[PDB]
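J.: This one is upload35.cif, mmCIF, C-alpha atoms and all ligand atoms.
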```
data_upload
#
loop_
_atom_site.group_PDB
_atom_site.id
_atom_site.type_symbol
_atom_site.label_atom_id
_atom_site.label_comp_id
_atom_site.auth_asym_id
_atom_site.auth_seq_id
_atom_site.Cartn_x
_atom_site.Cartn_y
_atom_site.Cartn_z
ATOM 1 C CA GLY A 1 -58.733 -20.607 35.478
ATOM 2 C CA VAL A 2 -57.644 -18.983 38.742
ATOM 3 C CA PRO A 3 -54.544 -19.832 40.824
ATOM 4 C CA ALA A 4 -55.118 -22.222 43.687
ATOM 5 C CA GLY A 5 -55.868 -20.142 46.758
ATOM 6 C CA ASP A 6 -54.919 -20.277 50.423
ATOM 7 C CA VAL A 7 -58.023 -19.726 52.578
ATOM 8 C CA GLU A 8 -56.074 -18.449 55.591
ATOM 9 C CA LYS A 9 -54.202 -15.838 53.576
ATOM 10 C CA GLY A 10 -57.453 -14.983 51.839
ATOM 11 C CA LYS A 11 -59.284 -14.463 55.129
ATOM 12 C CA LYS A 12 -56.686 -11.857 56.122
ATOM 13 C CA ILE A 13 -57.152 -10.052 52.796
ATOM 14 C CA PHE A 14 -60.930 -10.144 53.259
ATOM 15 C CA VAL A 15 -60.883 -8.694 56.760
ATOM 16 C CA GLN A 16 -58.348 -5.990 55.848
ATOM 17 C CA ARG A 17 -59.691 -4.977 52.418
ATOM 18 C CA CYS A 18 -63.357 -6.004 52.184
ATOM 19 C CA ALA A 19 -65.013 -6.484 55.605
ATOM 20 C CA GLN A 20 -65.309 -2.700 56.043
ATOM 21 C CA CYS A 21 -68.130 -2.898 53.499
ATOM 22 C CA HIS A 22 -69.174 -6.593 53.376
ATOM 23 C CA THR A 23 -70.279 -9.505 55.527
ATOM 24 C CA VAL A 24 -70.182 -13.129 54.386
ATOM 25 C CA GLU A 25 -72.310 -15.160 56.812
ATOM 26 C CA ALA A 26 -75.913 -16.260 56.298
ATOM 27 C CA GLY A 27 -78.164 -13.503 57.562
ATOM 28 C CA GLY A 28 -75.235 -11.113 57.817
ATOM 29 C CA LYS A 29 -76.044 -7.452 57.460
ATOM 30 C CA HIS A 30 -75.616 -5.220 54.484
ATOM 31 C CA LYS A 31 -73.115 -2.454 55.082
ATOM 32 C CA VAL A 32 -72.021 0.039 52.409
ATOM 33 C CA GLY A 33 -71.898 -3.137 50.310
ATOM 34 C CA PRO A 34 -74.143 -6.193 50.147
ATOM 35 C CA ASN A 35 -73.897 -9.256 52.286
ATOM 36 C CA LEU A 36 -72.136 -11.950 50.251
ATOM 37 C CA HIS A 37 -73.738 -15.154 51.526
ATOM 38 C CA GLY A 38 -74.530 -17.414 48.580
ATOM 39 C CA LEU A 39 -72.242 -15.385 46.294
ATOM 40 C CA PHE A 40 -70.930 -18.299 44.238
ATOM 41 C CA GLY A 41 -73.478 -19.056 41.566
ATOM 42 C CA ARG A 42 -75.353 -15.813 42.337
ATOM 43 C CA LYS A 43 -76.021 -13.431 39.447
ATOM 44 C CA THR A 44 -75.174 -9.797 40.116
ATOM 45 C CA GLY A 45 -77.637 -7.705 42.043
ATOM 46 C CA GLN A 46 -79.390 -10.457 44.019
ATOM 47 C CA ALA A 47 -78.729 -9.977 47.746
ATOM 48 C CA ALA A 48 -82.146 -9.585 49.355
ATOM 49 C CA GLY A 49 -82.759 -6.050 50.532
ATOM 50 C CA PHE A 50 -79.677 -4.320 49.079
ATOM 51 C CA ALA A 51 -80.032 -1.296 46.786
ATOM 52 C CA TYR A 52 -77.746 -1.955 43.850
ATOM 53 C CA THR A 53 -76.777 0.304 40.989
ATOM 54 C CA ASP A 54 -78.376 -0.348 37.626
ATOM 55 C CA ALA A 55 -74.778 -0.833 36.401
ATOM 56 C CA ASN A 56 -74.206 -3.805 38.692
ATOM 57 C CA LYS A 57 -77.586 -5.306 37.769
ATOM 58 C CA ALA A 58 -77.020 -4.839 34.044
ATOM 59 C CA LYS A 59 -73.636 -6.576 33.967
ATOM 60 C CA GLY A 60 -75.497 -9.852 33.560
ATOM 61 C CA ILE A 61 -72.908 -12.250 34.936
ATOM 62 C CA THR A 62 -72.794 -15.001 37.547
ATOM 63 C CA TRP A 63 -70.298 -14.561 40.362
ATOM 64 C CA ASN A 64 -67.846 -17.484 40.518
ATOM 65 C CA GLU A 65 -64.056 -17.874 40.552
ATOM 66 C CA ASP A 66 -63.305 -16.482 37.083
ATOM 67 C CA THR A 67 -65.605 -13.473 37.184
ATOM 68 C CA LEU A 68 -64.493 -12.510 40.674
ATOM 69 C CA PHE A 69 -60.859 -12.844 39.559
ATOM 70 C CA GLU A 70 -61.368 -10.251 36.841
ATOM 71 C CA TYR A 71 -63.688 -7.974 38.801
ATOM 72 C CA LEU A 72 -61.409 -7.740 41.833
ATOM 73 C CA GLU A 73 -58.391 -6.698 39.747
ATOM 74 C CA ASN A 74 -60.215 -3.455 38.880
ATOM 75 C CA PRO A 75 -63.905 -3.204 39.821
ATOM 76 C CA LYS A 76 -64.725 -0.037 37.886
ATOM 77 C CA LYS A 77 -63.221 -1.437 34.679
ATOM 78 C CA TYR A 78 -65.456 -4.517 34.984
ATOM 79 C CA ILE A 79 -68.652 -2.699 36.043
ATOM 80 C CA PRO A 80 -68.300 0.952 34.969
ATOM 81 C CA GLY A 81 -70.307 3.111 37.315
ATOM 82 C CA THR A 82 -70.401 0.641 40.205
ATOM 83 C CA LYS A 83 -70.719 2.196 43.628
ATOM 84 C CA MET A 84 -68.005 -0.058 45.044
ATOM 85 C CA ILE A 85 -64.969 2.146 45.723
ATOM 86 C CA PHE A 86 -61.971 -0.195 45.649
ATOM 87 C CA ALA A 87 -59.018 0.327 43.342
ATOM 88 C CA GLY A 88 -58.341 -3.399 42.967
ATOM 89 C CA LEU A 89 -56.080 -6.235 44.035
ATOM 90 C CA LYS A 90 -53.457 -6.341 41.349
ATOM 91 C CA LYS A 91 -51.569 -9.488 42.424
ATOM 92 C CA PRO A 92 -53.096 -12.667 40.982
ATOM 93 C CA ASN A 93 -52.094 -14.635 44.103
ATOM 94 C CA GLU A 94 -53.902 -12.220 46.430
ATOM 95 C CA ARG A 95 -57.036 -12.523 44.298
ATOM 96 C CA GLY A 96 -56.686 -16.306 44.265
ATOM 97 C CA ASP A 97 -56.312 -16.542 48.033
ATOM 98 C CA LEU A 98 -59.215 -14.137 48.625
ATOM 99 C CA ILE A 99 -61.454 -16.054 46.207
ATOM 100 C CA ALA A 100 -60.767 -19.372 47.932
ATOM 101 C CA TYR A 101 -61.640 -17.763 51.253
ATOM 102 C CA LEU A 102 -64.875 -16.338 49.831
ATOM 103 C CA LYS A 103 -65.844 -19.738 48.416
ATOM 104 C CA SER A 104 -65.524 -21.281 51.884
ATOM 105 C CA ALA A 105 -67.064 -18.491 53.908
ATOM 106 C CA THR A 106 -70.129 -17.727 51.763
ATOM 107 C CA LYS A 107 -71.555 -21.268 51.734
HETATM 108 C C1 LIG B 1 -66.721 -0.185 50.476
HETATM 109 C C2 LIG B 1 -65.802 1.022 50.380
HETATM 110 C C3 LIG B 1 -66.356 -1.413 49.644
HETATM 111 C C4 LIG B 1 -65.151 -2.106 49.685
HETATM 112 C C5 LIG B 1 -63.905 -1.736 50.462
HETATM 113 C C6 LIG B 1 -65.399 -3.278 48.901
HETATM 114 N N1 LIG B 1 -66.683 -3.310 48.418
HETATM 115 FE FE1 LIG B 1 -67.543 -4.741 47.336
HETATM 116 N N2 LIG B 1 -69.189 -3.544 47.021
HETATM 117 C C7 LIG B 1 -69.377 -2.311 47.554
HETATM 118 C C8 LIG B 1 -70.601 -1.775 47.047
HETATM 119 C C9 LIG B 1 -71.276 -0.486 47.459
HETATM 120 C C10 LIG B 1 -71.165 -2.759 46.273
HETATM 121 C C11 LIG B 1 -72.418 -2.596 45.404
HETATM 122 C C12 LIG B 1 -72.035 -2.030 44.042
HETATM 123 C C13 LIG B 1 -73.140 -1.524 43.141
HETATM 124 O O1 LIG B 1 -72.787 -0.986 42.058
HETATM 125 O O2 LIG B 1 -74.343 -1.671 43.488
HETATM 126 C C14 LIG B 1 -70.225 -3.828 46.186
HETATM 127 C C15 LIG B 1 -70.398 -4.985 45.430
HETATM 128 C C16 LIG B 1 -69.530 -6.099 45.453
HETATM 129 C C17 LIG B 1 -69.761 -7.320 44.761
HETATM 130 C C18 LIG B 1 -70.955 -7.617 43.827
HETATM 131 C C19 LIG B 1 -72.033 -8.230 44.709
HETATM 132 C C20 LIG B 1 -73.326 -8.613 44.011
HETATM 133 O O3 LIG B 1 -73.489 -8.384 42.788
HETATM 134 O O4 LIG B 1 -74.233 -9.120 44.752
HETATM 135 C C21 LIG B 1 -68.726 -8.162 45.124
HETATM 136 C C22 LIG B 1 -68.486 -9.578 44.634
HETATM 137 C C23 LIG B 1 -67.871 -7.410 45.964
HETATM 138 N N3 LIG B 1 -68.401 -6.182 46.205
HETATM 139 C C24 LIG B 1 -66.727 -7.937 46.553
HETATM 140 C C25 LIG B 1 -65.891 -7.232 47.430
HETATM 141 C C26 LIG B 1 -64.663 -7.782 47.921
HETATM 142 C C27 LIG B 1 -64.326 -9.248 47.851
HETATM 143 C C28 LIG B 1 -63.937 -6.725 48.467
HETATM 144 C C29 LIG B 1 -62.507 -6.733 49.033
HETATM 145 C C30 LIG B 1 -61.462 -7.070 47.969
HETATM 146 C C31 LIG B 1 -64.759 -5.571 48.274
HETATM 147 N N4 LIG B 1 -65.912 -5.885 47.603
HETATM 148 C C32 LIG B 1 -64.490 -4.347 48.850
HETATM 149 C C33 LIG B 1 -68.541 -1.696 48.472
HETATM 150 C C34 LIG B 1 -67.257 -2.128 48.818
#
```
Please lay out the structure from this file as structure tokens.
Ligand code: HEC

T.:
Amino acid sequence: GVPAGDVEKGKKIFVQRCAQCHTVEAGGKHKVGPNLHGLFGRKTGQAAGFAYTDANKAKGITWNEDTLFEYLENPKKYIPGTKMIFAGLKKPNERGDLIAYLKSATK
């Protein structure tokens, strides 16, 4: 149960808040964070070639709309010890728009 998202608004959030550390396209490079291609339906810790924390790997969830919605509000609360430094997107609408963009761009 996430709010319906606007892909265009979500693309702007992604570029301004996430692209510093993440790519989305197939074959895109790892940066500080993992490439996100195939994210939806991917369990944590699965991007080929990225060195994840044990904390991320142990969370034992599948990335999809609902889990991203909670994670992105406050990453460290959801995965204590994660190496991702990002305070969170507090507004539910910003998370919804971003998630819709990610769903389209990581296919
Ligand atoms: C660099 C300062 C980051 C910013 C800004 C964002 N992310 Fe990130 N992310 C980063 C790291 C180093 C990692 C790995 C964490 C670990 O503990 O190993 C991550 C991880 C994610 C994940 C999980 C991916 C997976 O399990 O394969 C997601 C879904 C994620 N990051 C999303 C994401 C988004 C959408 C961001 C903007 C709101 C964002 N992150 C910013 C580093 C950084």

J.: With all atoms listed in the file counted, collect every polymer residue having an atom within 7 Å of ligand LIG 1 (chain B); state the result as number ranges by chain.

T.: A: 14, 17-18, 20-22, 32-34, 36, 39, 43-47, 51-53, 55-56, 63, 68, 72, 81-86, 88-89

J.: Could you list, as a PDB file with C-alpha atoms, in the coordinates of the input, every residue within 9 Å of range 99-106 of chain A, counting all atoms listed in the file and ignoring same-chain residues fewer than 6 positions away?

T.:
```pdb
ATOM      1  CA  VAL A   2     -57.644 -18.983  38.742  1.00  0.00           C
ATOM      2  CA  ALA A   4     -55.118 -22.222  43.687  1.00  0.00           C
ATOM      3  CA  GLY A   5     -55.868 -20.142  46.758  1.00  0.00           C
ATOM      4  CA  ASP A   6     -54.919 -20.277  50.423  1.00  0.00           C
ATOM      5  CA  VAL A   7     -58.023 -19.726  52.578  1.00  0.00           C
ATOM      6  CA  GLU A   8     -56.074 -18.449  55.591  1.00  0.00           C
ATOM      7  CA  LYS A   9     -54.202 -15.838  53.576  1.00  0.00           C
ATOM      8  CA  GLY A  10     -57.453 -14.983  51.839  1.00  0.00           C
ATOM      9  CA  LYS A  11     -59.284 -14.463  55.129  1.00  0.00           C
ATOM     10  CA  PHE A  14     -60.930 -10.144  53.259  1.00  0.00           C
ATOM     11  CA  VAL A  24     -70.182 -13.129  54.386  1.00  0.00           C
ATOM     12  CA  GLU A  25     -72.310 -15.160  56.812  1.00  0.00           C
ATOM     13  CA  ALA A  26     -75.913 -16.260  56.298  1.00  0.00           C
ATOM     14  CA  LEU A  36     -72.136 -11.950  50.251  1.00  0.00           C
ATOM     15  CA  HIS A  37     -73.738 -15.154  51.526  1.00  0.00           C
ATOM     16  CA  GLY A  38     -74.530 -17.414  48.580  1.00  0.00           C
ATOM     17  CA  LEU A  39     -72.242 -15.385  46.294  1.00  0.00           C
ATOM     18  CA  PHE A  40     -70.930 -18.299  44.238  1.00  0.00           C
ATOM     19  CA  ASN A  64     -67.846 -17.484  40.518  1.00  0.00           C
ATOM     20  CA  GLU A  65     -64.056 -17.874  40.552  1.00  0.00           C
ATOM     21  CA  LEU A  68     -64.493 -12.510  40.674  1.00  0.00           C
ATOM     22  CA  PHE A  69     -60.859 -12.844  39.559  1.00  0.00           C
TER      23      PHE A  69
END
```

J.: Apply the PyMOL selection byres (((chain A and resi 90) around 12) and not hetatm) to the file shown and report the selected residues as a PDB file with C-alpha atoms, keeping the file's coordinate frame.

T.:
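This went into out-v2.pdb:
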```
ATOM      1  CA  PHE A  69     -60.859 -12.844  39.559  1.00  0.00           C
ATOM      2  CA  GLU A  70     -61.368 -10.251  36.841  1.00  0.00           C
ATOM      3  CA  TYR A  71     -63.688  -7.974  38.801  1.00  0.00           C
ATOM      4  CA  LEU A  72     -61.409  -7.740  41.833  1.00  0.00           C
ATOM      5  CA  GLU A  73     -58.391  -6.698  39.747  1.00  0.00           C
ATOM      6  CA  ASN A  74     -60.215  -3.455  38.880  1.00  0.00           C
ATOM      7  CA  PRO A  75     -63.905  -3.204  39.821  1.00  0.00           C
ATOM      8  CA  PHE A  86     -61.971  -0.195  45.649  1.00  0.00           C
ATOM      9  CA  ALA A  87     -59.018   0.327  43.342  1.00  0.00           C
ATOM     10  CA  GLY A  88     -58.341  -3.399  42.967  1.00  0.00           C
ATOM     11  CA  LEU A  89     -56.080  -6.235  44.035  1.00  0.00           C
ATOM     12  CA  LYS A  91     -51.569  -9.488  42.424  1.00  0.00           C
ATOM     13  CA  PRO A  92     -53.096 -12.667  40.982  1.00  0.00           C
ATOM     14  CA  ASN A  93     -52.094 -14.635  44.103  1.00  0.00           C
ATOM     15  CA  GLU A  94     -53.902 -12.220  46.430  1.00  0.00           C
ATOM     16  CA  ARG A  95     -57.036 -12.523  44.298  1.00  0.00           C
ATOM     17  CA  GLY A  96     -56.686 -16.306  44.265  1.00  0.00           C
TER      18      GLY A  96
END
```

J.: Just the number, please: distance in Å from CA of residue 15 in chain A to CA of residue 54 in chain A, one decimal.

T.: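 According to the coordinates, CA of residue 15 in chain A and CA of residue 54 in chain A are separated by 27.2 Å.
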
J.: So, counting all atoms listed in the file, which residue among A:77, A:50, A:98, A:57 is closest to residue 19 in chain A?

T.: A:98

J.: Hey, can you check how far CA of residue 23 in chain A sits from CA of residue 42 in chain A?

T.: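 The value is 15.5 Å.
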
J.: Find, counting only C-alpha atoms, the residue in A:107, A:67, A:76, A:62 that gets nearest to residue 41 in chain A.

T.: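 Smallest separation from residue 41 in chain A among the options: A:62.
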
J.: Can you measure CA of residue 78 in chain A to CA of residue 31 in chain A for me? One decimal in Å is fine.

T.: 21.6 Å

J.: Smallest atom-to-atom distance to residue 80 in chain A: which of A:27, A:66, A:12, A:59, using all atoms listed in the file?

T.: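 Closest to residue 80 in chain A of all the choices is A:59.
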
J.: Please, what is the axis-aligned box for every listed atom of range 50-69 of chain A with 4 Å on each side, as centre and edge lengths in Å to one decimal, as AutoDock Vina command-line options?

T.:
```
--center_x -70.4 --center_y -8.8 --center_z 41.3 --size_x 27.2 --size_y 26.2 --size_z 23.5
```

J.: Dump range 36-62 of chain A with N, CA, C and O atoms to a file, as a short mmCIF file (atom, residue, chain, number, x, y, z; two decimals), in the first residue's frame.

T.:
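Saved as selection.cif:
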```cif
data_model
loop_
_atom_site.label_atom_id
_atom_site.label_comp_id
_atom_site.auth_asym_id
_atom_site.auth_seq_id
_atom_site.Cartn_x
_atom_site.Cartn_y
_atom_site.Cartn_z
N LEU A 36 21.08 -0.66 -9.46
CA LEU A 36 19.74 -1.06 -9.05
C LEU A 36 18.95 -1.76 -10.14
O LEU A 36 17.74 -1.94 -9.99
N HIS A 37 19.56 -2.14 -11.26
CA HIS A 37 18.80 -2.83 -12.28
C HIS A 37 18.24 -4.12 -11.71
O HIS A 37 18.96 -4.88 -11.06
N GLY A 38 16.98 -4.41 -12.03
CA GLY A 38 16.35 -5.62 -11.51
C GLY A 38 15.93 -5.53 -10.06
O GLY A 38 15.60 -6.56 -9.45
N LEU A 39 15.89 -4.33 -9.49
CA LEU A 39 15.64 -4.16 -8.05
C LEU A 39 14.32 -4.78 -7.61
O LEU A 39 14.24 -5.40 -6.53
N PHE A 40 13.26 -4.58 -8.37
CA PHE A 40 11.94 -5.03 -7.93
C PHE A 40 11.84 -6.54 -8.04
O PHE A 40 12.01 -7.12 -9.12
N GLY A 41 11.59 -7.18 -6.92
CA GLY A 41 11.65 -8.63 -6.83
C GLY A 41 13.02 -9.18 -6.47
O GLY A 41 13.18 -10.40 -6.45
N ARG A 42 14.00 -8.32 -6.26
CA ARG A 42 15.35 -8.71 -5.88
C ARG A 42 15.43 -8.74 -4.36
O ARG A 42 15.01 -7.79 -3.71
N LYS A 43 15.94 -9.83 -3.79
CA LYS A 43 16.25 -9.83 -2.36
C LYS A 43 17.42 -8.89 -2.10
O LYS A 43 18.14 -8.53 -3.03
N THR A 44 17.60 -8.48 -0.85
CA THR A 44 18.72 -7.61 -0.53
C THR A 44 20.03 -8.31 -0.88
O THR A 44 20.14 -9.55 -0.83
N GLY A 45 21.03 -7.51 -1.22
CA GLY A 45 22.38 -8.01 -1.29
C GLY A 45 22.74 -8.78 -2.54
O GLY A 45 23.68 -9.58 -2.51
N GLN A 46 22.04 -8.55 -3.65
CA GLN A 46 22.15 -9.42 -4.82
C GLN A 46 22.81 -8.82 -6.06
O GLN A 46 23.01 -9.55 -7.03
N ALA A 47 23.10 -7.52 -6.09
CA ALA A 47 23.70 -6.96 -7.29
C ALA A 47 25.06 -7.61 -7.51
O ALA A 47 25.89 -7.65 -6.60
N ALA A 48 25.27 -8.14 -8.71
CA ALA A 48 26.51 -8.86 -9.01
C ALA A 48 27.70 -7.93 -8.87
O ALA A 48 27.76 -6.88 -9.50
N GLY A 49 28.66 -8.34 -8.05
CA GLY A 49 29.91 -7.62 -7.94
C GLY A 49 29.98 -6.53 -6.89
O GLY A 49 31.03 -5.87 -6.78
N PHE A 50 28.90 -6.27 -6.15
CA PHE A 50 28.90 -5.22 -5.14
C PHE A 50 29.18 -5.81 -3.77
O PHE A 50 28.65 -6.88 -3.43
N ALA A 51 30.00 -5.13 -2.98
CA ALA A 51 30.34 -5.59 -1.63
C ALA A 51 29.37 -4.96 -0.64
O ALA A 51 29.51 -3.79 -0.27
N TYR A 52 28.42 -5.76 -0.20
CA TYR A 52 27.40 -5.33 0.72
C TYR A 52 27.81 -5.56 2.17
O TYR A 52 28.63 -6.43 2.49
N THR A 53 27.19 -4.81 3.07
CA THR A 53 27.32 -5.14 4.49
C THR A 53 26.57 -6.42 4.82
O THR A 53 25.55 -6.76 4.20
N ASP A 54 27.06 -7.13 5.84
CA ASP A 54 26.31 -8.26 6.38
C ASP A 54 24.92 -7.81 6.83
O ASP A 54 23.97 -8.58 6.74
N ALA A 55 24.78 -6.56 7.31
CA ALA A 55 23.50 -6.06 7.78
C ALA A 55 22.48 -6.02 6.65
O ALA A 55 21.32 -6.41 6.83
N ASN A 56 22.86 -5.47 5.50
CA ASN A 56 21.97 -5.50 4.35
C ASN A 56 21.61 -6.93 3.97
O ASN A 56 20.44 -7.24 3.77
N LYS A 57 22.60 -7.83 3.91
CA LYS A 57 22.32 -9.20 3.47
C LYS A 57 21.41 -9.92 4.45
O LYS A 57 20.54 -10.70 4.04
N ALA A 58 21.58 -9.66 5.74
CA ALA A 58 20.80 -10.34 6.75
C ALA A 58 19.36 -9.84 6.86
O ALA A 58 18.54 -10.50 7.48
N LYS A 59 19.03 -8.69 6.29
CA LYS A 59 17.67 -8.20 6.47
C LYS A 59 16.65 -9.19 5.95
O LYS A 59 15.54 -9.31 6.50
N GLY A 60 16.97 -9.92 4.88
CA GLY A 60 16.11 -11.00 4.45
C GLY A 60 14.77 -10.55 3.93
O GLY A 60 13.75 -11.15 4.27
N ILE A 61 14.76 -9.50 3.11
CA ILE A 61 13.54 -9.03 2.49
C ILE A 61 13.72 -8.94 0.98
O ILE A 61 14.83 -9.01 0.45
N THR A 62 12.59 -8.87 0.28
CA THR A 62 12.56 -8.62 -1.16
C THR A 62 12.18 -7.17 -1.41
O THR A 62 11.17 -6.68 -0.92
#
```
